[PDB]
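Protein chains in written order, with the UniProt record's numbering: chain F, 1037 to 1086; chain S, 305 to 364; chain C, 183 to 238; chain D, 1 to 299; chain V, 1 to 299; chain U, 62 to 122. By construction, the Cβ of each residue, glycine as well, lies at the ideal position given by its N, Cα and C atoms. One structure is given below, encoded as structure tokens.
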Amino acid sequence: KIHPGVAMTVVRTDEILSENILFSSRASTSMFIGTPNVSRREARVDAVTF
Amino acid sequence: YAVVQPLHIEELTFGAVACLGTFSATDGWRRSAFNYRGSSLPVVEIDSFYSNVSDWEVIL
Amino acid sequence: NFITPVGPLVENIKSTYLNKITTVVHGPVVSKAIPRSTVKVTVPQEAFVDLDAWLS
Amino acid sequence: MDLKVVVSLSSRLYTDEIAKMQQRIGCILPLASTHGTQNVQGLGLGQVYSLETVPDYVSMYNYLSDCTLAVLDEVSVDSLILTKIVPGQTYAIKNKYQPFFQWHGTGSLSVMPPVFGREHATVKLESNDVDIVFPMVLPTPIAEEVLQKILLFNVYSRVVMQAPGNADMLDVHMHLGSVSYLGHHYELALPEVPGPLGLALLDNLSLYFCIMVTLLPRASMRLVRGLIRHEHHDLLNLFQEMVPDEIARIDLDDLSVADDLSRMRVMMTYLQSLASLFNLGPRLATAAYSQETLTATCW
Amino acid sequence: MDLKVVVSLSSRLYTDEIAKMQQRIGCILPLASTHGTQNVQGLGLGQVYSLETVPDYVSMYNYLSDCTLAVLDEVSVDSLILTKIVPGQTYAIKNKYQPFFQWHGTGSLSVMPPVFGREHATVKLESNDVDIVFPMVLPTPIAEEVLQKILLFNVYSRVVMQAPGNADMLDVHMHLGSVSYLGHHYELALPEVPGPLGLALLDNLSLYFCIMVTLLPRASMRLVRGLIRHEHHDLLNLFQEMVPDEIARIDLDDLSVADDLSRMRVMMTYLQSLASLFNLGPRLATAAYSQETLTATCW
Amino acid sequence: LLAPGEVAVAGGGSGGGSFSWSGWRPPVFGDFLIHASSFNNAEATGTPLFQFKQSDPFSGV
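As structure tokens, this is what we get:
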């Protein structure tokens, strides 16, 4: 525990888990919706995925 | 290569590898027992297998 | 090189002298029984080694 | 049955990059996940090949053989639509890679990282803060030629550490630096430092060499000895009148067929497995190619 | 899906040549074009295996790997009907190949160029002034023994021509003359002691093999010495002991870096092209076979 | 079952002629004749098998 020629500066970052509140005023955005669909893909031996 | 067998002509080979098929990742190979004769054996089982055999490739 | 892999069991007739075994080579391994049941290839856990987890 | 991915951009792109991306329609690039909708971060080859990290060129190969290739189909302001490449289907793919190599009908194509340049491959998306790096595809005969050029550099650059020799670093850069083709010479971008995973591939190669060297057939060695003196041939013109001294020292005992036979039997099994080391990437099969249409039908 | 291909003939066949080709009704023919209607100049190997020029083994190998195979189904007076071989389909073949090898169920069949006489592979169609040539289909374990034995017989014949003191020809024919697989013994025929350099199939195969043999101990020794690093592959030191004494003494200073780089590069291009050659090209797998019907269920 | 394609298309002719649907390929089965004392009947129905290539010609087992 002798001193070398130099000092040090230490940096560290931390996380807080805040649980925030949101406010959105009326009629802020307008959205357009398309028709949804189902599609077949990857028919394996026993199983088919949709 | 050190204990028993350093070197010879035919005895050089170590082993071979082949491929037995393709199955789905992210699943398959659960573990289960194989019950016979009042004694069990822990066994894995693969789902949705697709058998596909290739030849042996020498590893060494 | 004298041993050739063939594939998982599918059907087995049990006979006194000469059995008749049916495997599936190069195809979706599927059971041929009348009420269908899923077939899953089984390997003893003592021999099976996950190469992907050992790598990790 | 249905093979389509919709890659969604978080932010609109600029009118110049939508125009640049459209020149690449019909090109392959590997995406990370096999899902119907994805981000842009899995799209290119950009994460493995970054500006802040050195290119390995062998970790990049390993990224391609693991990923799932897809063909770019349609480009818009907020999307890029692709169709994934699965084993049991046929595809129509265009030849639009910038260092231009011309394909033959009924040939086999190969997929390799952007060996010829970082800048030839990338379309920079500064709107979405990403660089989309395309892989380079080649005909198989020339792709193997480039892969060999890259590996021998990892050895010879290290062997010649800092040599004032005019012969060194000028011969290994004129021999290994370029790949010639029909009326052209294409420079390769070769790493300043041969990194790991490229030397570890050459370590496996050596193990095959340490084996093969003990079982070389001697009848083969005595043939080349007789031909380098007595006859004149273009293949043996590499050797001058001078004969490699190693062969005269390796081959002393008289030829015996029963020994050279079993030497050939053991050796041939190693070459069969040696071939697995060289492919190192995904290969395509092409059945039709139009010189003018620039569209193959790959399988 | 339509797999039929109708080959139309310019002129009607003789009543004899119908008997010749019907005998070969079940067997594989490589097809130039994948389209439904075709010419007769396409199907044979007469393009690659021709009476006028010297045939090559490594040239026919490159063709069969790319080409489209097909199976004969019916022969008419002026027609030939085939069905293409494509993935995901099961076909029934017969074996009608003049040098006869027995097949086995659940084995691996290989399609290799005809290394026996022309007369065994060909059917001459004088009416159209063409000969159609069939590739030979062997079980792979038989095809390997046949390859490496005719390859050695070519090296030993050319060697004894140089100085008859090298080898004894009677001892050669008895080793390399026979092939045995699974209790069956076959006495193959050997290409009539050719004599000049450049007149047979295997002469390029042997030269690529013989040159790769000589360059290996020099080239392999640069690797293990150049690769030694801090933390290399752990098996590297163990196999380096294995190399013969006379190879460990190789002095790398005798050859300049330029000449050493030239020899190593030539060796790798032969090594890479010789590995895949020994895999025996396009292979068909088997799931059944009947000795009396001669019909294999292959895919 | 009596349909030209390799897989059955239900309804007979109805819905027939698609022939390109998920590329479902049927399995290729193999049949082996075994010494009954060589194979234990209590096997897991799915275990991978291996055939040793005999060296006696014109055998039947």
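Residue i: contacting residues in chain C (beta-carbon distance under 7 Å)
i: F/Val1081; result: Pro210, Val211, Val212
Other residues of its chain near residue i: CB distance less than 7 Å, five sequence neighbours each side excluded
i: D/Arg222; result: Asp251, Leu255
i: D/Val40; result: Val7, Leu9, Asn128, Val130
i: S/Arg335; result: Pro346, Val348
i: D/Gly177; result: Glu187, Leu188, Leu190
i: V/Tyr289; result: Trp103, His104, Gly105, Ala296
Contacts of residue i in chain D (Cβ-Cβ under 7 Å)
i: V/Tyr49; result: Going along chain D, no residue has its Cβ under 7 Å from V/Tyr49, so there is no contact; the nearest lies around 19 Å.
i: V/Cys298; result: Within 7 Å Cβ-Cβ: nothing; V/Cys298 doesn't reach chain D, min ~18 Å.
Contact list for residue i against chain F, beta-carbon separation under 8 Å
i: C/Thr220; result: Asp1082
i: D/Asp2; result: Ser1075, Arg1076, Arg1077
i: S/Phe353; result: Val1081
For residue j and residue i, believed in contact at Cβ under 8 Å, the rounded distance
i: V/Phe153; j: D/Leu271; result: Actually they do not touch by this definition, with Cβ atoms about 19 Å apart.
i: D/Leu3; j: D/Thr83; result: 5 Å
i: U/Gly91; j: V/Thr106; result: 6 Å
i: V/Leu31; j: V/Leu45; result: So it is not a contact: roughly 11 Å between Cβ atoms.
i: U/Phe111; j: C/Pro190; result: With 8 Å as the limit, U/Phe111 and C/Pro190 do not qualify as a contact, their Cβ atoms being about 11 Å apart.
i: D/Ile211; j: S/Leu364; result: 7 Å
i: V/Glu246; j: D/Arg249; result: 5 Å
i: V/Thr297; j: V/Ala143; result: Not really, about 20 Å apart at Cβ, beyond 8 Å.
i: residue 129 of chain U; j: V/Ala287; result: Any question about residue 129 of chain U goes unanswered here, given that chain U covers just 62 to 122.
i: C/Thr224; j: F/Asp1082; result: Their Cβ separation, rounded to whole angstroms, is 16 Å, which puts C/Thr224 and F/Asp1082 out of contact at 8 Å.
Contacts that residue i makes with chain C (C-beta to C-beta distance below 9 Å)
i: U/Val70; result: Per Cβ cutoff of 9 Å: no residues; U/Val70 is ~18 Å from chain C at best.
i: S/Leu345; result: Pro226, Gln227, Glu228
Residue i: contacting residues in chain S (beta-carbon distance under 7 Å)
i: V/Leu238; result: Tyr305
Residues near residue i in its chain [Cβ-Cβ closer than 8 Å; skip 5 each side]
i: V/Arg283; result: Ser108, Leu109, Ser110, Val111, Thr140
i: D/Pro99; result: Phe116, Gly117, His120, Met136, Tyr186
i: residue 348 of chain V; result: The displayed coordinates of chain V run from 1 to 299. Any statement about residue 348 of chain V would go beyond what the structure contains.
i: D/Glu17; result: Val123, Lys124, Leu125, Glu126, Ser127
i: V/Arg263; result: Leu215, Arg218, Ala219, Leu255
Same chain only: Cβ atoms within 6 Å of residue i, ignoring 5 sequence neighbours per side
i: D/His175; result: none
i: S/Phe338; result: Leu345, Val347
i: D/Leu190; result: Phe153
i: C/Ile203; result: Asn194
i: V/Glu145; result: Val179
i: V/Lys149; result: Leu176
Closer than 8 Å at the beta carbon, the chain U residues around residue i
i: S/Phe338; result: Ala105
Where residue i meets chain U, residues with beta-carbon distance less than 7 Å
i: V/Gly88; result: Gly84, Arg86
i: V/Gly183; result: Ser116, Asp117, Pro118
Contacts of residue i in chain V (Cβ-Cβ under 8 Å)
i: D/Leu202; result: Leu223, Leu227
i: S/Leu311; result: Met242
Contacts of residue i in chain U (Cβ-Cβ under 9 Å)
i: C/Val223; result: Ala105, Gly107, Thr108, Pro109
Under 9 Å from the C-beta of residue i: neighbouring residues of chain S
i: D/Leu207; result: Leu364
Amino acids of chain C, ordered along the chain, whose beta-carbon sits closer than 8 Å to that of residue i
i: U/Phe119; result: Result: empty, since nearest Cβ-Cβ is about 17 Å, beyond 8 Å.
i: V/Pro139; result: Result: empty, since nearest Cβ-Cβ is about 11 Å, beyond 8 Å.
8 Å Cβ cut-off: residues of chain D touching residue i
i: S/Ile350; result: Neighbours of S/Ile350 on chain D: none; closest Cβ ~19 Å, over 8 Å.
Within chain F, the residues that residue i reaches when beta carbons sit closer than 7 Å
i: S/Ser328; result: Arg1080
Would the stretch 153-173 of chain V count as touching the stretch 81-94 of chain V if we require 3 or more Cβ pairs under 8 Å? No: fewer than three Cβ pairs fall under 8 Å.
Do three or more CB pairs link the stretch 123-130 of chain V to the stretch 190-201 of chain V at distances below 8 Å? The stretch 123-130 of chain V makes no contact with the stretch 190-201 of chain V: fewer than 3 CB pairs, one atom from each, lie closer than 8 Å.
Take every Cβ of the stretch 202-217 of chain D, pair it with every Cβ of the stretch 222-237 of chain V, and state whether three or more of those distances are shorter than 8 Å. Yes, they touch.
Return the residues of the stretch 184-211 of chain C that lie within a Cβ-Cβ distance of less than 7 Å from chain V, sorted by chain order. With the criterion set as a beta carbon lying under 7 Å from some beta carbon of chain V, the members of the stretch 184-211 of chain C are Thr186, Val188, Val207, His208, in sequence order.
For the structure I just gave you, are there three or more beta carbon pairs, one from the stretch 214-222 of chain C and one from the stretch 95-104 of chain U, closer than 8 Å? Output reads no: the stretch 95-104 of chain U does not touch the stretch 214-222 of chain C.
Proximal residues, the stretch 75-103 of chain U versus chain V, C-beta separation under 7 Å: Going along the stretch 75-103 of chain U in chain order, one finds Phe80, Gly84, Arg86, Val89, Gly91 with a Cβ nearer than 7 Å to chain V.
Contact between the stretch 107-115 of chain D and the stretch 36-54 of chain D is defined here as three or more beta-carbon pairs at a separation below 8 Å; is this criterion met? Contact between the stretch 107-115 of chain D and the stretch 36-54 of chain D is present: 3 or more CB-CB pairs across the two stretches fall below 8 Å.
Taking 8 Å as the cut-off, does the stretch 202-209 of chain C touch the stretch 342-361 of chain S (at least 3 CB pairs, one atom from each stretch)? Contact between the stretch 342-361 of chain S and the stretch 202-209 of chain C is present, because at least three Cβ pairs lie under 8 Å.
Counting beta carbon pairs with one atom in the stretch 313-329 of chain S and one in the stretch 56-68 of chain D, are three or more of them shorter than 8 Å? Look at the beta carbons and you see the stretch 56-68 of chain D not touching the stretch 313-329 of chain S: under three pairs across the two are nearer than 8 Å.
Between the stretch 14-26 of chain D and the stretch 191-204 of chain C, do three or more beta carbon pairs fall short of 8 Å? Contact fails: fewer than three Cβ-Cβ distances are below 8 Å.
Which residues, taken in chain order from the stretch 252-286 of chain V, show a beta carbon closer than 8 Å to some beta carbon of chain D? Listed by position, the residues of the stretch 252-286 of chain V near chain D (Cβ gap below 8 Å) are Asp254, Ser256, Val257, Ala258, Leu261, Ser262, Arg263, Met264, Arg265, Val266, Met268, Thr269, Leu271, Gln272, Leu274, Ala275, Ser276, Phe278, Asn279.
If you measure beta-carbon to beta-carbon, which residues of the stretch 93-115 of chain V are closer than 7 Å to chain S? So the close ones are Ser108.
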